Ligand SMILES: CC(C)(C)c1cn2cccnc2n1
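Single chain ahead, by itself, as structure tokens, in the form deposited without the ligand.
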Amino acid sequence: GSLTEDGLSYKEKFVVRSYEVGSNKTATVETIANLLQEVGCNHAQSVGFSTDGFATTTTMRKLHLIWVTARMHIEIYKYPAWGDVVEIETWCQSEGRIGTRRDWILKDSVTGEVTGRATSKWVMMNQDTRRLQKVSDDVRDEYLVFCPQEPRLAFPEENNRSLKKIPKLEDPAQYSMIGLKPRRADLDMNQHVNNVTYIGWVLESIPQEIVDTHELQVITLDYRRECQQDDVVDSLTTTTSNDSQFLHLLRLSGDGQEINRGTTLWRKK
């Protein structure tokens, strides 16, 4: 991988592996989400930021501050086949004191065609107290020099799906998958559950008949609270809709505390 000529974005190529594909012999959305994370991490390393998933600056480390994902939105037009080369370009932009946004564009390396796009909202949090906070001026100037100054959006459209509010699923859910637990492979280097695991857990409550006859086109996921290594999760889904749409909710198995909410849009094969 490498930073582009202007040094304001990063590009990297990946060859889709045998264990990364599903029943269609094309990459799963969890494989895509992992590659998005990998290219984000290589971009942060290329400009001197922390490499640990928190992308911290020198001032953030002293203050015990970290970047945490608040929302992930992914749209796939074509999933790359096993053996195909996919090129991913990523960039970061500040959204004032609210937080930062990381965007991605996925392309077929051979044709140069846009096969997918993604956007994510990140917020600053003290890693010990878990208290959210606005971005200060001192932290901001340290990373403004690595972001384009004019707006660059993966989802430029006026009322795009990436900014829609997600409602809370009401009991009873139409479908559910209960008692989901992370194993060591689901953890990152800091022993926290990897953000992509939650995508997998959301998708667990989609009936196999939908997965066999449809392809996932769009997924929007809000992250409200973290699943601890010793927590148990219930995944709930209700159909809201040729296209099929669903509302999703992940909550702790016991007390029903919300950890994530989301929506998915599926097109008939």
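Counting begins at 1, following the sequence as shown. Under this definition, the rigid core comprises the largest set of C-alpha atoms superposing within 1.5 Å between the forms. Only residues modelled in both forms are compared.
Absent from the display: the form deposited with the ligand bound. The rest refers to it.
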On the criterion of a non-hydrogen atom at 4.5 angstroms or closer, are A173, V233 and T237 all touching the ligand in the bound PDB entry? no
Whether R102 contacts the ligand in the bound PDB entry should be assessed with a 4.5 Å heavy atom distance threshold; does it? yes
Contact with the ligand in the bound PDB entry for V47, defined as at least one heavy atom pair within 4.5 Å: yes or no? yes
Taking only heavy atoms into account, state which residues of 110-128 are within 4.5 Å of the ligand in the bound PDB entry, ordered by sequence. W122
Only one of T59, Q229, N34, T51 shifts by 2 Å or more at CA between this form and the one not shown when the core is aligned; which is it? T51
Using the form shown as baseline, tell whether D52 and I32 are closer or farther in Cα-Cα distance in the bound PDB entry, where the change reaches 3 Å or more. farther
For residues common to both forms, which consecutive runs of 3 or more show C-alpha displacement of 2 Å or more between this form and the one not shown upon rigid core superposition, listed in sequence order? 50-54
